[PDB]
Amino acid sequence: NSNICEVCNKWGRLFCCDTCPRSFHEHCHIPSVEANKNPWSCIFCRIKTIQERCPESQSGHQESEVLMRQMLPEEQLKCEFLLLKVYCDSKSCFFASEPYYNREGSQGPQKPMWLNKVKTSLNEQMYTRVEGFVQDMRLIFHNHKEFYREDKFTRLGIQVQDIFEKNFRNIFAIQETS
């Protein structure tokens, strides 16, 4: 197994996958690494199994149909993995914890949002459809773009949103378009 966490790229107290060489901090994995379970298979492995059980699940889908899906176990897992892919980027640090807003010439968002809030929301099964999860994720970056206006820091929102959107299209097998 790897000797650094797959998500944050640091060493520490690492839990190792039994079916692939990845390793994780306990609360870096999503869901948090399960207490017992020998063997244990990481989220990457669990997602690959879904694909292998239903190869047709990789055919192209329309975003509008994906968003309306109910959060059954497989869609719950897919959203957890998509959230984890965002945390994998080091620029996620900016969006993880609860923001505050005091900048001359800007007003804070009406509905603040952050990664750890989305994480808790998934853990507590608060989303009933994929749309709920995707809306909150996109809100994180939209709030940032609006608040930072012409400051070059707005680019961090564009960057992390791009990571989100690329991984959304991959994980949910969105139909490729020009």
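Residue numbers run from 1 along the displayed sequence.
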query	finding
Between 80-88 and 99-107 (mean CA B-factor, as deposited), the higher	99-107
Residue range whose averaged C-alpha B-factor is higher in the record, 18-26 or 161-169	18-26
Out of 119, 69, 37, 142, highest CA B-factor residue	37
Record-listed C-alpha B factor of residue 61: chain third	middle
Residue 113, C-alpha B-factor rank within chain (lowest, middle or highest third)	lowest
Residue 135 by Cα B-factor - lowest, middle or highest third of the modelled chain	lowest
